[PDB]
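> Before we start, here is the structure in question, set down as structure tokens.
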Amino acid sequence: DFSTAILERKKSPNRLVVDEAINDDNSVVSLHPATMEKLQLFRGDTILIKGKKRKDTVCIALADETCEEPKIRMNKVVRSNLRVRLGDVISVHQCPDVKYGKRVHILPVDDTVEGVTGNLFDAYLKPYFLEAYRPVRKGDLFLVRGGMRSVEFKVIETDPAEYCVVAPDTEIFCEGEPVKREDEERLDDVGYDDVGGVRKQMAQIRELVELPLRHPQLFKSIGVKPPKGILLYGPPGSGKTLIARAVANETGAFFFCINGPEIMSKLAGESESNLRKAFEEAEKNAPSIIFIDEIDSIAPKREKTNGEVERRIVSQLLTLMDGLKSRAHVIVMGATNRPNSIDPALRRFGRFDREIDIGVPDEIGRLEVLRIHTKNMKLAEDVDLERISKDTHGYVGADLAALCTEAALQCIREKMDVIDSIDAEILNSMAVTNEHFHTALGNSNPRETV
Amino acid sequence: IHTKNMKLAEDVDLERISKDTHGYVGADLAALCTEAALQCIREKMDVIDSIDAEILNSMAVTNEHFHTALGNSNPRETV
Amino acid sequence: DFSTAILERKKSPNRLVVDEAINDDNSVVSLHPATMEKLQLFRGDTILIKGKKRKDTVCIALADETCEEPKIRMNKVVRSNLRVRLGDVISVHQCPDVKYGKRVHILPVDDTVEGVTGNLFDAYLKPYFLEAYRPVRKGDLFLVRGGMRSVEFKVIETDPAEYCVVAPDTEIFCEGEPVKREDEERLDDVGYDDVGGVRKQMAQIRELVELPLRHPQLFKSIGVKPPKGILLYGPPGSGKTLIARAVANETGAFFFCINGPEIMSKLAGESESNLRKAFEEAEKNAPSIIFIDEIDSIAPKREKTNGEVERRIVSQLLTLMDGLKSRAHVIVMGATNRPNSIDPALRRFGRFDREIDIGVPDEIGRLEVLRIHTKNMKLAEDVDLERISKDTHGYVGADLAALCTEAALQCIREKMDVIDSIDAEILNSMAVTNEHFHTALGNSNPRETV
Ligand SMILES: Nc1ncnc2c1ncn2[C@@H]1O[C@H](COP(=O)(O)OP(=O)(O)O)[C@@H](O)[C@H]1O
Ligand SMILES: Nc1ncnc2c1ncn2[C@@H]1O[C@H](COP(=O)(O)OP(=O)(O)O)[C@@H](O)[C@H]1O
């Protein structure tokens, strides 16, 4: 039949799976060269991608031999501008009517420009569009990095209408009161691109969570019950909380965070009531991820429990895990730096079945972490992030994140004298030097045996 | 027991898996089957959406799916 | 002056430093493309390299952007055929008179063909020269891998005389009694190419030893005293003994091996006499490397010493280390799997100043080790050494080496029925399958915390 032929032909090489981008560019999508040959698209060509919630965007298509044939590489900005997530399916369409822009009206989002002063054009939009020939579509939201922060901007209007390429003859209008956020999450929200040095561990977590959280109705047909509990192990500041938030944001899963001390600070009975209500809310707003931080505060070993009501909380957690069904679509993530202090009853089948060890990052892993916390920072040529990673042996994710923030403050004090209060165009121009990173290394507070 | 509702390839050797899975309890072996089952779902099925019965009944779990499940497993007796 | 102008012009781009080869080929040397442009040599061209002891060879020159401009990449066979070692200087010269071979007489070395039977041509030389167009020079020695071993062959004669390229019309003569080894070390001797999974650790050791052992007269002019003692740490079978033999062979240093139990098995007084004589011999035959294996057998902690004559041996070792001078050109290498059981007095400045931790190899490091012990083995396409390294988590160098030898025996039994005794042409044809590696994995006897 007519409509049946439409729906069954949804296996066209024009329908591709959303994958991660190697190069973080808001205007560039990467495809396999055999896929672009099938779809008759040339490198550099602007394509129209249609996503979910009847939303669409225009991007530069680029050939990548590392990109899978049925997949498409796109960054978090492009992904959001299509109302999609990694693993979803979009359809790529030819875009031959992309005329250069006559004038574009762009405004920032208030929650990203809190405290920011001065002209946003010279600090952000000017170097952003400069000789880049960026495709721009009305209603889009993009992220610009620089000046110790990141600003989110909205495309208010385009001339010609709906979409145009921002050329050197395009007038960029960015005056007026910042726009207020509406039905869209922050582009600065933590994603997989914000977690470094745990490539293997991230892939493992992703495999376990993506199917139950992205396709929950799939296990209704299959008789296979997926994992419920995952135990993240690793020293403090190794990104356990980060990985959890990244996974929840990237999956669209409802994120409920239980904190070990937060539960244990409450009265007798109030801690278990809070513990139940946390599990209840997650089931109601499922697909969900319950993140139990410092899980050793709650549920320690029966030897280390020197309290009557404390043993009542360990038992409450075990039964909440047992009482949780696969059909509930809730994944519980526990985190501890003391895996051997945790009660062994949690490791039981039906509770915390799988365990991921997030150790200390190696030279390569540290360089990745250093790149993440220098994203919104202007760096000098005298800066060598490869050399810093070579020296910072025994540093965790937080130790490296603190080194960047300290080198950033050392740069603020050293370069800026009396202002009062700084404006964006001056913050975006000051560069963090190797001397600022050396000074931060000298005042730092950061081992592995067989 | 945990391959009863599963289509298995001729390349599958449950005798060889039992020879290798020394120190595995009932749950460890049950988890190995469910993991090899999911590895088969992902590897064989691309984009459906949601699967229907006649297609699920046709996909066979291979020795490669059981090898991949063995590589990611978390399983002693003295006198 | 005339002869002064010759000697001072020894900074010609034709004089290059001997570096390691990425690709192990007895006929190929790699140079930088800017160096070949300076020397007017094209890729594929046969060049004449002159080394030490008035020795020379002919190789295929190839362009490599990873090769340093003043360096040359060559394997251990080419290196030996020039009487040179890594770091030495050779001179590359144009070779335009390389005519194809009419006939070459090649014979194996006895110590490599012990127990081997059948025609060596069909098993080794035939697939070795096949469509390879190998430059061959008289007096040369080369290594051919296959049939669970490696055979060393000598180039007895060439037609045209001295050197020729072995083409498909070249007659290869290999009949007669094997030649006896003369003034040349075994090509199967352990080298840096035989040690895998310790890239960073090897580079560290090499930097510390190469200058004092390759250029000992250099520190006579400089007032800098180099390291004497190095402590290698790591579990049993992680290649500590291997690294020591590799370093000694690659440097040409005299190798004296002290064994912890060997010393401790001797009578009271005989152990210290042996310990002194070991240090004395090394000084006499210097540049030398003293390798003290199981250093914790000798010299354990003063608490763990429950013997009077045992404490006399620990003290003997400390004074022998103190009594050793930089001017002696002897480097002492200690090895232990129990670094915390070793006497802390050894770690003192003047004794064991530097410490190298050779841990357990990662997925990449294990794959390297697997490649090393499959060098002389025929492998099926069904073999996936990448997958074996993925599975063999927690395996050390010896564990992986044993897995190969077991899969090799499993192949011998499974493929060969009743022979008696096997000959070379049949051994070279039998391939080790993934089933042989699975069977070896099933019968194996192989942890890291923060
Ligand atoms: N793997 C990492 N990559 C990048 N940043 C990291 C990483 N690990 C930690 N950080 C940074 O340091 C902080 C450490 O806090 P956290 O995630 O709570 O660590 P943990 O939960 O392991 O104790 C994070 O908020 C993040 O900004
Ligand atoms: N890093 C390695 N690469 C390759 N082979 C190795 C490695 N480590 C060990 N082996 C192999 O296994 C054997 C282990 O013995 P050994 O070198 O004495 O280990 P260790 O001294 O650390 O106890 C070596 O002879 C070698 O054949």
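The chains in the structure tokens are called A, B, ... from first to last as shown; in each chain the residues are counted from 1, and the ligands are counted from 1 in the order shown.
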With only C-alpha atoms as the counted atoms, please give the residues lying no more than 8 Å from stretch 90-105 of chain C, apart from itself and same-chain residues fewer than 5 positions off, as a PyMOL selection string.
chain C and resi 14-18+41+46-52+58+135+155-160+163-167+169-174
> Can you write out the residues you just picked, keeping N, CA and C atoms, as a short mmCIF file (atom, residue, chain, number, x, y, z; two decimals), in the first residue's frame?

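The new file part24.cif reads:
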```
data_model
loop_
_atom_site.label_atom_id
_atom_site.label_comp_id
_atom_site.auth_asym_id
_atom_site.auth_seq_id
_atom_site.Cartn_x
_atom_site.Cartn_y
_atom_site.Cartn_z
N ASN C 14 75.93 12.78 4.41
CA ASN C 14 76.16 11.38 4.07
C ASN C 14 76.55 10.57 5.32
N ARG C 15 76.88 11.27 6.43
CA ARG C 15 77.21 10.66 7.72
C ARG C 15 75.99 10.73 8.66
N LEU C 16 75.32 9.58 8.89
CA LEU C 16 74.10 9.50 9.70
C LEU C 16 74.22 8.60 10.93
N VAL C 17 73.35 8.82 11.93
CA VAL C 17 73.32 8.08 13.19
C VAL C 17 72.39 6.86 13.09
N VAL C 18 72.85 5.69 13.58
CA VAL C 18 72.11 4.44 13.54
C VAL C 18 70.95 4.42 14.56
N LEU C 41 69.06 10.48 -3.53
CA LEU C 41 68.69 9.07 -3.51
C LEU C 41 67.18 8.97 -3.62
N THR C 46 68.95 1.12 -4.38
CA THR C 46 69.88 0.34 -3.56
C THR C 46 71.08 1.25 -3.22
N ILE C 47 71.40 1.37 -1.93
CA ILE C 47 72.51 2.20 -1.46
C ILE C 47 73.57 1.34 -0.79
N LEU C 48 74.82 1.81 -0.80
CA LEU C 48 75.92 1.12 -0.15
C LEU C 48 76.23 1.84 1.17
N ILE C 49 76.07 1.13 2.29
CA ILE C 49 76.34 1.69 3.62
C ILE C 49 77.66 1.12 4.13
N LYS C 50 78.59 1.98 4.57
CA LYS C 50 79.83 1.48 5.16
C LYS C 50 79.84 1.71 6.64
N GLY C 51 80.17 0.66 7.36
CA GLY C 51 80.19 0.67 8.81
C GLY C 51 81.59 0.61 9.40
N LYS C 52 81.72 -0.13 10.50
CA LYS C 52 82.99 -0.29 11.22
C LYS C 52 83.72 -1.55 10.77
N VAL C 58 74.71 -3.58 1.25
CA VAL C 58 73.82 -2.91 0.30
C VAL C 58 72.36 -3.09 0.72
N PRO C 135 68.89 -6.98 -2.23
CA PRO C 135 70.33 -6.77 -2.44
C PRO C 135 71.10 -7.75 -1.56
N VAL C 155 76.10 -15.53 3.27
CA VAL C 155 76.25 -15.38 1.82
C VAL C 155 77.69 -15.75 1.43
N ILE C 156 77.89 -16.99 0.97
CA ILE C 156 79.21 -17.54 0.63
C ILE C 156 79.80 -16.90 -0.62
N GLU C 157 79.00 -16.78 -1.70
CA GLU C 157 79.45 -16.19 -2.97
C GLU C 157 78.31 -15.55 -3.77
N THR C 158 78.66 -14.56 -4.62
CA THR C 158 77.70 -13.87 -5.50
C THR C 158 78.26 -13.76 -6.91
N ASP C 159 77.38 -13.87 -7.92
CA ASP C 159 77.73 -13.67 -9.32
C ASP C 159 76.71 -12.68 -9.91
N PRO C 160 77.10 -11.44 -10.29
CA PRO C 160 78.46 -10.86 -10.30
C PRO C 160 79.07 -10.73 -8.91
N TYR C 163 78.66 -8.13 -4.76
CA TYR C 163 77.24 -7.85 -4.50
C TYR C 163 76.37 -7.95 -5.74
N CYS C 164 75.09 -8.34 -5.54
CA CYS C 164 74.08 -8.47 -6.61
C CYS C 164 72.67 -8.46 -6.01
N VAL C 165 71.64 -8.20 -6.84
CA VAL C 165 70.24 -8.24 -6.38
C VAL C 165 69.64 -9.61 -6.73
N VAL C 166 69.14 -10.34 -5.71
CA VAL C 166 68.55 -11.68 -5.92
C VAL C 166 67.17 -11.57 -6.62
N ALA C 167 67.18 -11.77 -7.95
CA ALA C 167 66.02 -11.67 -8.84
C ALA C 167 65.40 -13.07 -9.11
N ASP C 169 65.40 -14.79 -11.76
CA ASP C 169 66.29 -15.53 -12.64
C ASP C 169 67.62 -15.91 -11.95
N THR C 170 67.77 -15.54 -10.64
CA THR C 170 68.97 -15.84 -9.84
C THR C 170 68.90 -17.24 -9.30
N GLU C 171 69.95 -18.05 -9.56
CA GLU C 171 70.05 -19.40 -9.04
C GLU C 171 70.52 -19.34 -7.59
N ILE C 172 69.79 -20.00 -6.68
CA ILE C 172 70.18 -20.01 -5.27
C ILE C 172 70.72 -21.39 -4.92
N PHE C 173 72.02 -21.45 -4.61
CA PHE C 173 72.72 -22.68 -4.25
C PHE C 173 72.83 -22.80 -2.72
N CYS C 174 72.25 -23.85 -2.12
CA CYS C 174 72.32 -24.03 -0.66
C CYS C 174 72.52 -25.49 -0.25
#
```
> Mind listing as a ChimeraX atom specification which residues of chain A are within 7 Å of chain B, counting only C-alpha atoms?
/A:217-218,221,224
> Could you list, as an MDAnalysis selection string, all protein and nucleic acid residues with an atom at most 9 Å from ligand 1, counting only C-alpha atoms and all ligand atoms?
chainID A and resid 193:198 232:245 293:294 335:337 358 360:361 365:366 368:373 396:402
> Can you list every residue of chain C that has an atom at most 8 Å from chain A, with its nearest atom pair and the distance in Å to one decimal, using only C-alpha atoms, ordered by chain then number, as JSON lines?

```
{"residue": "C:235", "atom": "CA", "partner": "A:450", "partner_atom": "CA", "distance": 7.9}
{"residue": "C:359", "atom": "CA", "partner": "A:450", "partner_atom": "CA", "distance": 7.3}
{"residue": "C:447", "atom": "CA", "partner": "A:450", "partner_atom": "CA", "distance": 6.0}
{"residue": "C:448", "atom": "CA", "partner": "A:450", "partner_atom": "CA", "distance": 4.6}
{"residue": "C:449", "atom": "CA", "partner": "A:449", "partner_atom": "CA", "distance": 6.0}
{"residue": "C:450", "atom": "CA", "partner": "A:448", "partner_atom": "CA", "distance": 4.6}
```
> Quick one: residues within 10 Å of residue C:225, only C-alpha atoms counted, chain neighbours fewer than 4 positions away excluded, as a PDB file with N, CA, C and O atoms, in the first residue's frame?

```pdb
ATOM      1  N   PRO C 212      77.000   6.237  29.252  1.00  0.00           N
ATOM      2  CA  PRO C 212      78.148   5.637  29.971  1.00  0.00           C
ATOM      3  C   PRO C 212      78.768   4.388  29.338  1.00  0.00           C
ATOM      4  O   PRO C 212      79.970   4.167  29.506  1.00  0.00           O
ATOM      5  N   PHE C 219      83.006  10.852  29.597  1.00  0.00           N
ATOM      6  CA  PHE C 219      82.935  11.351  30.977  1.00  0.00           C
ATOM      7  C   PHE C 219      84.310  11.536  31.605  1.00  0.00           C
ATOM      8  O   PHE C 219      84.396  11.918  32.766  1.00  0.00           O
ATOM      9  N   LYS C 220      85.388  11.289  30.843  1.00  0.00           N
ATOM     10  CA  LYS C 220      86.739  11.552  31.321  1.00  0.00           C
ATOM     11  C   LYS C 220      86.993  13.050  31.149  1.00  0.00           C
ATOM     12  O   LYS C 220      87.572  13.678  32.036  1.00  0.00           O
ATOM     13  N   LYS C 325      83.744   2.628  41.092  1.00  0.00           N
ATOM     14  CA  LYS C 325      83.930   4.012  40.651  1.00  0.00           C
ATOM     15  C   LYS C 325      83.252   4.238  39.290  1.00  0.00           C
ATOM     16  O   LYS C 325      83.015   3.274  38.560  1.00  0.00           O
ATOM     17  N   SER C 326      82.950   5.511  38.937  1.00  0.00           N
ATOM     18  CA  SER C 326      82.364   5.857  37.629  1.00  0.00           C
ATOM     19  C   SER C 326      83.359   5.511  36.532  1.00  0.00           C
ATOM     20  O   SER C 326      82.976   4.911  35.526  1.00  0.00           O
ATOM     21  N   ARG C 327      84.666   5.813  36.788  1.00  0.00           N
ATOM     22  CA  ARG C 327      85.822   5.527  35.927  1.00  0.00           C
ATOM     23  C   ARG C 327      85.958   4.013  35.556  1.00  0.00           C
ATOM     24  O   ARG C 327      86.648   3.685  34.589  1.00  0.00           O
TER      25      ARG C 327
END
```
> Show me, as a PyMOL selection string, the residues that have an atom within 7 Å of residue A:251 when counting only C-alpha atoms, minus same-chain residues fewer than 3 positions from it.
chain A and resi 85+210+213-214+247-248
> Counting only C-alpha atoms, what is within 12 Å of residue C:304, bar same-chain residues fewer than 6 positions away, as a PyMOL selection string?
chain C and resi 296-298+310-311+314+340-343
> Could you work out how far atom CA of residue C:352 lies from atom CA of residue C:301, giving the answer in Å with one decimal?
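Atom CA of residue C:352 lies 15.0 Å from atom CA of residue C:301.
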> To one decimal place, how far is atom CA of residue A:180 from atom CA of residue A:281 in Å?
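That distance, rounded to one decimal, is 28.4 Å.
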> Tell me, which residues of stretch 30-73 of chain B carry DSSP helix (DSSP H, G or I), written as an MDAnalysis selection string?
chainID B and resid 30:44 53:56 63:71
> Residues of stretch 38-250 of chain C in strand (DSSP E) according to DSSP, as a ChimeraX atom specification?
/C:46-50,56-63,71-73,89-94,103-108,134-137,141-146,149-159,163-166,171-173,229-233
> One number please: atom CA of residue A:441 to atom CA of residue A:425, in Å, one decimal.
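Pair atom CA of residue A:441 / atom CA of residue A:425 returns 28.2 Å.
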> Taking 6 positions as the minimum chain separation for residues in the same chain, which residues sit within 12 Å of residue A:438 when counting only C-alpha atoms? Answer as a list in words.
residues 382, 383, 384, 385, 387, 388, 391, 392, 403, 404, 406, 407, 408, 410, 411, 432 and 444 of chain A
> Give me a file of those residues, with N, CA, C and O atoms, as an mmCIF file, in the first residue's frame.

```cif
data_model
loop_
_atom_site.group_PDB
_atom_site.id
_atom_site.type_symbol
_atom_site.label_atom_id
_atom_site.label_comp_id
_atom_site.auth_asym_id
_atom_site.auth_seq_id
_atom_site.Cartn_x
_atom_site.Cartn_y
_atom_site.Cartn_z
ATOM 1 N N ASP A 382 53.316 29.632 24.124
ATOM 2 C CA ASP A 382 54.279 29.235 25.142
ATOM 3 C C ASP A 382 53.694 28.126 26.048
ATOM 4 O O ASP A 382 54.441 27.423 26.736
ATOM 5 N N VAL A 383 52.361 27.931 25.984
ATOM 6 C CA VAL A 383 51.661 26.880 26.719
ATOM 7 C C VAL A 383 51.866 25.556 25.991
ATOM 8 O O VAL A 383 51.758 25.501 24.762
ATOM 9 N N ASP A 384 52.208 24.506 26.750
ATOM 10 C CA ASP A 384 52.387 23.149 26.245
ATOM 11 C C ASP A 384 51.613 22.181 27.145
ATOM 12 O O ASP A 384 52.160 21.676 28.135
ATOM 13 N N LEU A 385 50.322 21.945 26.816
ATOM 14 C CA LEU A 385 49.448 21.046 27.595
ATOM 15 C C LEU A 385 49.962 19.599 27.594
ATOM 16 O O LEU A 385 49.655 18.844 28.513
ATOM 17 N N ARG A 387 53.244 18.886 27.803
ATOM 18 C CA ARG A 387 54.301 18.913 28.818
ATOM 19 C C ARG A 387 53.720 18.925 30.226
ATOM 20 O O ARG A 387 54.296 18.306 31.119
ATOM 21 N N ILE A 388 52.579 19.623 30.430
ATOM 22 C CA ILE A 388 51.907 19.677 31.733
ATOM 23 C C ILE A 388 51.429 18.268 32.117
ATOM 24 O O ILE A 388 51.673 17.835 33.246
ATOM 25 N N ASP A 391 54.269 16.119 33.327
ATOM 26 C CA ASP A 391 54.679 16.463 34.694
ATOM 27 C C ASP A 391 53.665 16.082 35.776
ATOM 28 O O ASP A 391 54.073 15.625 36.846
ATOM 29 N N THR A 392 52.352 16.287 35.512
ATOM 30 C CA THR A 392 51.278 16.050 36.487
ATOM 31 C C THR A 392 50.960 14.561 36.714
ATOM 32 O O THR A 392 49.789 14.185 36.794
ATOM 33 N N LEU A 403 44.158 23.010 38.608
ATOM 34 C CA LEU A 403 45.390 23.592 38.076
ATOM 35 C C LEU A 403 45.067 24.630 37.013
ATOM 36 O O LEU A 403 45.732 25.665 36.944
ATOM 37 N N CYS A 404 44.025 24.372 36.206
ATOM 38 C CA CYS A 404 43.574 25.288 35.160
ATOM 39 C C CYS A 404 42.937 26.535 35.771
ATOM 40 O O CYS A 404 43.308 27.647 35.395
ATOM 41 N N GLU A 406 43.394 27.742 38.786
ATOM 42 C CA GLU A 406 44.444 28.491 39.493
ATOM 43 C C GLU A 406 45.307 29.282 38.513
ATOM 44 O O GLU A 406 45.609 30.446 38.778
ATOM 45 N N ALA A 407 45.667 28.666 37.361
ATOM 46 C CA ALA A 407 46.445 29.328 36.309
ATOM 47 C C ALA A 407 45.612 30.442 35.674
ATOM 48 O O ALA A 407 46.170 31.441 35.212
ATOM 49 N N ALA A 408 44.268 30.285 35.691
ATOM 50 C CA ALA A 408 43.334 31.281 35.173
ATOM 51 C C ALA A 408 43.286 32.508 36.090
ATOM 52 O O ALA A 408 43.354 33.627 35.600
ATOM 53 N N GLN A 410 45.688 33.304 38.351
ATOM 54 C CA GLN A 410 47.057 33.827 38.289
ATOM 55 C C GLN A 410 47.213 34.752 37.085
ATOM 56 O O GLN A 410 48.004 35.677 37.136
ATOM 57 N N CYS A 411 46.456 34.495 36.015
ATOM 58 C CA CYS A 411 46.468 35.290 34.793
ATOM 59 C C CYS A 411 45.655 36.565 34.977
ATOM 60 O O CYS A 411 46.054 37.618 34.481
ATOM 61 N N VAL A 432 46.458 32.977 29.130
ATOM 62 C CA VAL A 432 47.116 32.274 30.227
ATOM 63 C C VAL A 432 48.451 31.765 29.692
ATOM 64 O O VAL A 432 48.489 31.141 28.631
ATOM 65 N N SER A 444 50.065 23.188 44.466
ATOM 66 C CA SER A 444 49.074 22.142 44.196
ATOM 67 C C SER A 444 49.094 21.066 45.288
ATOM 68 O O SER A 444 50.139 20.836 45.905
#
```
> Residues within 7 Å of residue C:44, please, as a PDB file with N, CA, C and O atoms, in the first residue's frame. Count only C-alpha atoms; anything in the same chain fewer than 4 positions from it doesn't count.

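Result file is selection-v6.pdb:
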```pdb
ATOM      1  N   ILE C  60      68.003  -1.356   0.426  1.00  0.00           N
ATOM      2  CA  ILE C  60      66.981  -0.568  -0.260  1.00  0.00           C
ATOM      3  C   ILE C  60      66.709   0.674   0.616  1.00  0.00           C
ATOM      4  O   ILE C  60      66.363   0.529   1.794  1.00  0.00           O
ATOM      5  N   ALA C  61      66.879   1.877   0.059  1.00  0.00           N
ATOM      6  CA  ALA C  61      66.615   3.108   0.804  1.00  0.00           C
ATOM      7  C   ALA C  61      65.139   3.492   0.677  1.00  0.00           C
ATOM      8  O   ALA C  61      64.595   3.481  -0.430  1.00  0.00           O
ATOM      9  N   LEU C  62      64.484   3.801   1.808  1.00  0.00           N
ATOM     10  CA  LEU C  62      63.068   4.175   1.825  1.00  0.00           C
ATOM     11  C   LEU C  62      62.805   5.449   2.609  1.00  0.00           C
ATOM     12  O   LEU C  62      63.438   5.682   3.636  1.00  0.00           O
TER      13      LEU C  62
END
```
